[PDB]
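Asker: Got a structure for you, written out below as structure tokens; questions coming shortly.
Positions of Cβ are backbone-derived with ideal geometry, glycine not excepted, and every protein chain shown enters the neighbour counts. What follows is calculated from the coordinates using simple rules that are stated; it is not laboratory data.
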Amino acid sequence: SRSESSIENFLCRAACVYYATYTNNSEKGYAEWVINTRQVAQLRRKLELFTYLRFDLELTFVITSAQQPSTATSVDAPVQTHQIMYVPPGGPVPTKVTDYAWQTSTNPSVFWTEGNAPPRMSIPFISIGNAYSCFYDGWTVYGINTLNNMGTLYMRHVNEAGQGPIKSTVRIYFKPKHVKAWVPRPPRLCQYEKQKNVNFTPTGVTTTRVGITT
Amino acid sequence: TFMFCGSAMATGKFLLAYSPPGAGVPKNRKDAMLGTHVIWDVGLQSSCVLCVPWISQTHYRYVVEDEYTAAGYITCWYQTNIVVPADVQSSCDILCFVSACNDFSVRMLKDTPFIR
Amino acid sequence: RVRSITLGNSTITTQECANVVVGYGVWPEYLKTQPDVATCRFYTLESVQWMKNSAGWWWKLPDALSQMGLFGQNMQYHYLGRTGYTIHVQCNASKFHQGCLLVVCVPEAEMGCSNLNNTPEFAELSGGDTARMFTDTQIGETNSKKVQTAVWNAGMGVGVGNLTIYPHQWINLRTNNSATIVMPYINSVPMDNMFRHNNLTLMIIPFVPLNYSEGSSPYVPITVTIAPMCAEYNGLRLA
Amino acid sequence: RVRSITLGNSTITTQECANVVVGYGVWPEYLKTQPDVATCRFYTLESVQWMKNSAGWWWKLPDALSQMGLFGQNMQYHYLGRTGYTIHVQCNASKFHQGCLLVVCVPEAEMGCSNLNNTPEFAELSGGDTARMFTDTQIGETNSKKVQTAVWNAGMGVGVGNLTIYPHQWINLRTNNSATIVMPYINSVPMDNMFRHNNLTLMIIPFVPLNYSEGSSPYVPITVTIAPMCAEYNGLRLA
């Protein structure tokens with residue numbers, strides 16, 4: 001049979017889409033990522049085999065920390081707790097580590113402390129339209145389709161800075177769930193040039209041999 | 001009735017447009033197409049028959065002769081050029097035929113104006 | 001045998017045994033607010049001249065019928081609408097002409113720009129009733145807001161030979177000369193603004209170039225006839 | 001009690017127990033070729049100001065609605081047509097105002113000219129949506145192409161007090177303030193050209209002049225609302 005070629009088995013795979021770092025002594029030590037499927041070329045190409053898609057989101061966060069240089073005679077930092085806030089489309093957005101947006105009750109947030117299983121949250125299909133669009137032949141800027149907004153993710157240290165700086169890096173894992181696809185399209189042939197548009201530089205149809213006959 | 005009398009290897013498309021009385025004659029293929037029209041493909045059919053409608057001032061009978069009155073027109077346009085193979089003449093001719101189609105009637109016999 | 005089809009005050013003739021390609025197995029239907037049936041008339045656009053050096057032509061759907069009678073009138077009148085289409089493509093060629101055409105209707109045919117940083121302008125993306133032509137050469141990057149019209153990428157950065165995934169019909173001059181594609185309404189929303197979004201793009205690309213001997217007609221006209229199907233718009237009255 | 005009547009996308013309110021005068025006992029009906037139902041909307045013309053010195057107003061029917069929406073559009077589009085009318089006349093006056101109006105619809109109200117040798121021009125015979133006013137004086141003969149608008153002859157060389165032979169309704173301010181006349185299609189031919197022939201003429205003539213005491217409003221607005229009924233025109237297609 002061909003169970004492995006179904007849409008669910010083709011797209012329901014976790015993948016690292018974003019990677020960022022943030023320290024705890026900068027006022028700007030927070031990581032942000034607008035949720036978009038165009039960040040990774042491999043995932044973008046697989047999703048762009050279709051025109052309209054409908055799926056849920058499963059996010060897994062792999063957070064690790066590293067001790068930064070200090071002058072303290074002795075450093076004995078306790079276990080670190082991290083906050084991962086999901087801002088739904090239209091929600092308030094932070095600009096500093098100390099900002100009201102971090103305390104918005106309608107911005108769901110996960111508080112996770114190091115040493116445990118990585119945190120995981122799921123976001124459903126949150127578009128006012130009936131499906132996401134990977135291609136839009138029109139204007140809102142050509143081919144934007146603001147109906148594809150999926151929200152933003154923010155990450156920061158919860159603990160106050162101790163006697164030494166701590167730098168943390170977060171790996172976001174992205175997995176579409178219960179995917180439905182419509183209107184097949186030809187696979188992308190030219191290399192992706194910009195994340196925002198479909199612009200391309202003309203390339204050959206395929207690789208070339210010496211002559212039509214063997 | 002319009003009969004295409006070109007070669008059997010000639011192909012093309014003609015737009016036959018009918019302008020109702022009051023409405024002006026079309027000035028372009030586009031204007032003709034936007035009105036009442038029939039696309040005539042000579043490559044598929046050699047003859048096309050149109051039955052223009054009565055349309056009169058709720059008069060049932062109207063004057064045979066007339067005076068600067070809404071007339072109504074029929075016109076023909078080149079939808080495409082005439083496509084022809086080698087060794088076939090591109091210049092052709094069309095014949096037009098007329099006749100009464102629906103319930104035609106006349107009234108008040110008179111003298112014909114064609115005799116001296 | 002010849003079959004005559006009359007729609008409204010317009011009539012066209014087609015070969016009785018012509019094959020019709022239904023887009024995705026779905027016929028145009030009504031949304032399961034205000035429909036219009038005076039729009040149900042064939043709109044025969046201006047014919048284009050297929051030549052030896054022709055690279056291809058394309059028409060964005062809503063836009064192509066933006067200056068045609070009540071359909072255009074409804075487009076400027078109502079803010080929102082939805083409709084299907086029935087597209088007839090016919091070539092007038094003799095048996096002494098050879099060539100193959102691909103007639104494909106691409107939903108949401110978003111096109112790239114010659115300048116990688118910008119996006120194409122509306123003029124270059126659509127000419128309304130006028131056709132937009134592909135190019136067998138590559139548009140230079142200097143140009144700021146033009147469509148990258150290289151045929152082998154079809155202006156979408158894909159293999160042109162893979163366009164057959166979208167509802168299509170081949171026109172092989174030695175075998176057939178007409179194509180009929182029935183396209184349903186395809187969108188992520190039930191209704192949309194017709195002036196800012198082109199749902200469909202019709203493409204005609206010659207895979208085998210037109211060839212003929214000296215003496216034959218140096219061109220082959222291609223006629224596109226579009227009939228909107230099951231069109232309906234938003235209401236304008238109170239409740 | 002108040003009754004609200006909605007026609008198309010327009011709605012008006014009338015006193016529930018208002019009396020309607022049917023023209024000749026015949027309601028507007030269809031010809032026993034092409035009808036139009038989007039025209040079935042109330043057309044509220046500009047209100048006129050009934051004053052002490054007012055002599056009267058008149059509107060030629062087809063012409064009054066020549067610049068109103070689809071009805072005017074249909075008038076320039078089709079060459080021939082026929083329709084009935086429903087005319088609402090309403091006055092806004094207080095109980096401290098006194099006056100009597102005659103509201104009459106005259107079929108084929110052919111009008112004379114001030115110069116006995118000529119005929120009135122179209123401008124003077126009709127102002128479209130604008131009202132034409134009668135005059136309590138006699139228009140001089142020097143004038144070449146104006147209507148003889150002396151009220152007591154009603155511009156037709158007849159006794160103005162005899163206009164009651166034509167479908168009419170009296171508006172006595174102390175008793176009622178609205179009139180409703182339903183006029184069928186009346187012509188010697190089943191259909192006629194709407195731009196060259198005014199089938200009906202609505203007339204409003206104050207028999208008892210408006211009077212009021214100092215402090216009251218020095219005017220009484222009169223609002224005319226016309227709704228075409230059973231309109232139909234000639235076909236434009238082949239057979």
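Asker: Kindly provide the set of residues from segment C:105-154 that are more than 9 Å from chain A (Cβ to nearest Cβ), under 15 Å from the mean Cα position of the chain (by Cα) and in a loop (DSSP other than H, G, I, E, B), ordered by number.
Answerer: C:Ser126, C:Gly128, C:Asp129, C:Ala131, C:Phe134
Asker: Okay, moving on. How many of the residues in segment D:203-216 are surrounded by 13 or more Cβ atoms within 10 Å (Cβ to Cβ) and among the polar types (S, T, N, Q)?
Answerer: 1
Asker: Whether any residue in segment C:199-207 is part of a loop (DSSP other than H, G, I, E, B) and within 20 Å of the chain's Cα centre (by Cα) is what I want to check.
Answerer: The answer is yes, given that some residue of segment C:199-207 is part of a loop (DSSP other than H, G, I, E, B) and within 20 Å of the chain's Cα centre (by Cα).
Asker: From the set of residues in segment A:171-193 that are in a loop (DSSP other than H, G, I, E, B) and surrounded by fewer than 19 Cβ atoms within 10 Å (Cβ to Cβ), which is nearest to the other protein chains (Cβ to nearest Cβ)?
Answerer: A:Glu193
Asker: Filter segment A:144-159 for residues that are within 14 Å of chain C (Cβ to nearest Cβ) and assigned to a loop (DSSP other than H, G, I, E, B); which is surrounded by the fewest Cβ atoms within 10 Å (Cβ to Cβ)?
Answerer: A:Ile144
Asker: Ok, one more. Does C:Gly81 satisfy being within 11 Å of another protein chain (Cβ to nearest Cβ) and over 28 Å from C:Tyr219 (Cβ atoms)?
Answerer: no
Asker: Would you call C:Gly23 surrounded by 22 or more Cβ atoms within 10 Å (Cβ to Cβ), out of contact with any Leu (no Cβ under 9 Å at 6 or more places or on another chain) and away from chain B (no Cβ under 14 Å)?
Answerer: Criteria met by C:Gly23.
Asker: Quick one: B:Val42 ticks every box in (1) facing another protein chain (nearest Cβ under 8 Å); (2) among the aliphatic types (A, V, I, L, M); (3) more than 22 Å from C:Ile226 (Cβ to Cβ) bar one, so which box is it?
Answerer: Only one criterion is unmet by B:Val42, namely (1).
Asker: Inside segment C:53-79, can you point out the residues that are in a loop (DSSP other than H, G, I, E, B) and within 21 Å of C:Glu110 (Cβ to Cβ)?
Answerer: Passing the criteria: C:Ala55, C:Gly56, C:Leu65, C:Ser66.
Asker: Can you find a residue that is exposed (fewer than 13 other Cβ atoms within 10 Å of the Cβ) and within 14 Å of chain D (Cβ to nearest Cβ) anywhere in segment B:106-116?
Answerer: no
Asker: So which residues in segment B:32-61 are in a strand (DSSP E or B) and out of contact with any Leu (no Cβ under 8 Å at 6 or more places or on another chain), if there are any at all?
Answerer: B:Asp41, B:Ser47 - these are the residues of segment B:32-61 that are in a strand (DSSP E or B) and out of contact with any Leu (no Cβ under 8 Å at 6 or more places or on another chain).
Asker: Among the residues of segment A:163-170, are any surrounded by 14 or more Cβ atoms within 10 Å (Cβ to Cβ), more than 14 Å from every other protein chain (Cβ to nearest Cβ), under 15 Å from the mean Cα position of the chain (by Cα) and in a loop (DSSP other than H, G, I, E, B)?
Answerer: no
Every residue, every condition in (1) surrounded by 14 or more Cβ atoms within 10 Å (Cβ to Cβ); (2) within 14 Å of chain C (Cβ to nearest Cβ), yes or no:
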residue	(1), (2)
A:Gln103	no, no
A:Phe111	no, no
A:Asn116	no, no
A:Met121	yes, no
A:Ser127	yes, yes
A:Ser133	yes, yes
A:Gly138	yes, yes
A:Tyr142	yes, yes
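Asker: Select from segment C:159-177 the residues that are more than 11 Å from chain A (Cβ to nearest Cβ) and buried (at least 19 other Cβ atoms within 10 Å of the Cβ) and write down the one among them that is farthest from the chain's Cα centre (by Cα).
Answerer: Selected residue: C:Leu173.
Asker: Does A:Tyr136 fit the bill of being within 23 Å of the chain's Cα centre (by Cα) and under 28 Å from A:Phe61 (Cα atoms)?
Answerer: In short, no.
Asker: I've got another one for you. For segment B:45-90, how many residues meet the condition of being closer than 30 Å to C:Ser213 by Cβ and within 10 Å of another protein chain (Cβ to nearest Cβ)?
Answerer: Selection size over segment B:45-90: 13.
Asker: What is the residue count in segment C:212-238 for residues that are within 13 Å of another protein chain (Cβ to nearest Cβ) and assigned to a strand (DSSP E or B)?
Answerer: The total comes to 10.
Asker: Looking only at segment B:89-105, count every residue that is aromatic (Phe, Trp, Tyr) and closer than 20 Å to B:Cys76 by Cβ and tell me the total.
Answerer: Qualifying residue count for the region: 1.
Asker: Another question about this same structure. Does segment C:111-131 contain at least one residue that is in contact with a strand residue (DSSP E or B) (Cβ under 7 Å, 6 or more places away or on another chain), within 16 Å of C:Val21 (Cα to Cα) and surrounded by 16 or more Cβ atoms within 10 Å (Cβ to Cβ)?
Answerer: No, segment C:111-131 has no match at all.
Asker: Looking only at segment C:26-35, which residues are surrounded by fewer than 19 Cβ atoms within 10 Å (Cβ to Cβ) and either within 14 Å of chain B (Cβ to nearest Cβ) or in a loop (DSSP other than H, G, I, E, B) (or both)?
Answerer: If the condition is that a residue be surrounded by fewer than 19 Cβ atoms within 10 Å (Cβ to Cβ) and either within 14 Å of chain B (Cβ to nearest Cβ) or in a loop (DSSP other than H, G, I, E, B) (or both), then C:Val26, C:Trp27, C:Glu29, C:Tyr30, C:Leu31, C:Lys32, C:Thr33 are the ones that fit.
Asker: Test B:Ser99 against the criterion of being surrounded by 13 or more Cβ atoms within 10 Å (Cβ to Cβ) and either within 14 Å of chain D (Cβ to nearest Cβ) or part of a loop (DSSP other than H, G, I, E, B) (or both), and give yes or no.
Answerer: no
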